[PDB]
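Presented as structure tokens, the chain that follows is alone, the form deposited in one PDB entry.
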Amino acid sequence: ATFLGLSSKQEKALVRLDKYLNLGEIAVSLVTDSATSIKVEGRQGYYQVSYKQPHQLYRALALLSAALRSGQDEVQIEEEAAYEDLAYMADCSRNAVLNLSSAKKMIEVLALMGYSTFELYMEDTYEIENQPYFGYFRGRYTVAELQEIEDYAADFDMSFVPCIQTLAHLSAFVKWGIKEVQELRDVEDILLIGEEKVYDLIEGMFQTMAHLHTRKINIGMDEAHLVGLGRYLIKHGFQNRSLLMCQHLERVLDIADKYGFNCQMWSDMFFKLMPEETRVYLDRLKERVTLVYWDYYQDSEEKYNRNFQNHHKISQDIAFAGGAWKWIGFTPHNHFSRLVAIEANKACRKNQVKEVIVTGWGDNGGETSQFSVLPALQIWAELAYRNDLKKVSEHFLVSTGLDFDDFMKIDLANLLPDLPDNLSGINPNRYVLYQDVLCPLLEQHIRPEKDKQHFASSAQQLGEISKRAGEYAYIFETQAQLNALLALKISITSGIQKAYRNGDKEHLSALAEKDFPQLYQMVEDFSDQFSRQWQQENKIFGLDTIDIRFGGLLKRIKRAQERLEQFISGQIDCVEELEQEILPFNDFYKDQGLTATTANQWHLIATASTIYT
């Protein structure tokens, strides 16, 4: 394709996006026009593309590319976006730090989808000046790395917003038993309000971010339950949390003002607005920030509307953060992400929201692929620009090079048949994997035949998809191996309980001689495949924890075989593990009557024994 009206900046972007777009031998002319977010119009090889915001050019050309692929000649497209800012926020604090190359890929995909902004969540994973323990051995970003990421986004006229923490959720930093770090602590993961060395630290955070072009920052500031109840309490006696939050927030905003930043934060702290002089405090502080209403779970527009209404009682400057579910193990939940996005988008439009942030958290080890949620991301983009999903497949094919319905099956390990579609967090991918074999704590939440057959079938389906997945094959290979592994693990784990209950040492011998070696090898192979995935996407740091988890699982599989062999041979008279009555693991979904559940802490799944305390 040839172009008229391009800047040199746009020319370089199109070179970077050439592999995504299939424009062929056409001529495109560009126009800037505020009347409508995107317009694409033309026929017989000559097209005119108009965009309102510069970054929208790249969605416009994706739309054109898709329309021509669909066999159109005559093209008439017009989109009015609902949101002035649409952002994706990746988590780089849960052990998985996105490497620069994958950050650049994400940016390119985001650009084509229509996102204006890229955000990284970094608790402790950037460098401060005079804080050598901050991000120590975590793969923290250097100033140069962050500039490289911000500059790459800017090449597509996209913004960059760091998401940091200025009070709590700094657990990886505060663990260091050094006075210069311990003196910063209140309790658990929380910094000490009123401590001048804490305000020195926070100023250090802003001095790092000041090296960026952006002057928009998310400072966190959610309300932790123990704020003021640790070393603060010992130093100052009990204080009302809201007053301490006000005092701390004012200090943080004064520092932000000094460096020219405008701050966003989670709205939680202000819920009480929705003693006389603390109310007055909150009211003056609320004027200085953009509040972000975060909700990842609700299945109906009206629930969202109710919350937007309550927020609008105190401020008109309310952004919304929704969720691309990738924080529940090795497997995402794009399907659930779709369900809530559809409803959240309705409510955001009704309540005149100007900014939507899609969050890609990574809870408890960052085990899900950084690119597992591309379907959810396209879904929010389609909803923001078109208010429907009618073209989600056509556009996704440009973004990713592959089929949307194929890619949605990445979810399969979580998609147990007949689960209600509107319940969040149900994550058998993870707990079926990490539970012990001799002492399987989640055994009562597993349907041994029904779930096994789901995983077996899923592995076959993903195996075929991986063969036509191109540059994303590796993520589907991981999922194919996991599903197959889970099927066999359930077969062996349930098989042991039954055969032991019935004294069938012959079936036990079969398990010990054949199936255990198979399982062990499948786990070793999955570990190898997972490591490839990790290294493609993230910095090496953080992988060590997954090494520990997988290494432990392997040793416990080995133990299970060994214990059974000794029982079969008569070296021991019983396997005491197999004599314990198993109980429900949790009652999280007891009211809904489910068998499956949500279990999202490795250390609680893996053993009943103490491991951290």
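The first residue of the shown sequence is 1; numbering continues from there. Here the rigid core means the biggest group of C-alpha atoms that line up within 1.5 Å when the two forms are laid on top of each other.
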property: Deposited-sequence gap flanked by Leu339 and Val340; result: none
property: Greater mean Cα temperature factor according to the PDB record, 146-154 or 314-322; result: 314-322
property: Mean C-alpha temperature factor, higher of 502-510 and 401-409; result: 502-510
property: C-alpha B-factor winner, where the candidates are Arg447, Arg185, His225, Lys105; result: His225
property: Highest recorded Cα temperature factor - choice among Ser101, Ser242, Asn538, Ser116; result: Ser242
property: Ranked C-alpha temperature factor of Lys52 among modelled chain residues, by third; result: middle
property: Third of the chain's Cα B-factor distribution that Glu394 belongs to, per the entry; result: middle
property: Chain thirds of CA B-factor: placement of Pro420; result: highest
property: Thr331, C-alpha B-factor rank within chain (lowest, middle or highest third); result: lowest
property: Chain thirds of CA B-factor: placement of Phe526; result: middle
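There is another form of the same protein, the form deposited with a small molecule bound; it is not shown, and what comes next is about it.
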{"property": "Proximity to the small molecule in the deposited complex, single hit among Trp327, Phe371, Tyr126, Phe156 (heavy atom within 4.5 Å)", "result": "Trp327"}
{"property": "Sole residue of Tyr297, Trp176, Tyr136, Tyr520 within 4.5 Å of the small molecule in the deposited complex, by heavy atom", "result": "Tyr297"}
{"property": "Among 289-297, 487-495, 201-209, 138-146, the region lying within 4.5 Å of the small molecule in the deposited complex by heavy atom distance", "result": "289-297"}
{"property": "The small molecule contact in the deposited complex: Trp361, any heavy atom under 4.5 Å", "result": "yes"}
{"property": "Proximity of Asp222 to the small molecule in the deposited complex, heavy atoms at 4.5 Å", "result": "yes"}
{"property": "Partner proximity in the deposited complex: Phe516 to the small molecule, non-hydrogen atom cutoff 4.5 Å", "result": "no"}
{"property": "The small molecule contact at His169 in the deposited complex, heavy atom, 4.5 Å", "result": "yes"}
{"property": "Rigid-core-referenced C-alpha movement of 2 Å or more between the shown form and the other one, selected from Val398, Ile426, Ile357, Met269", "result": "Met269"}
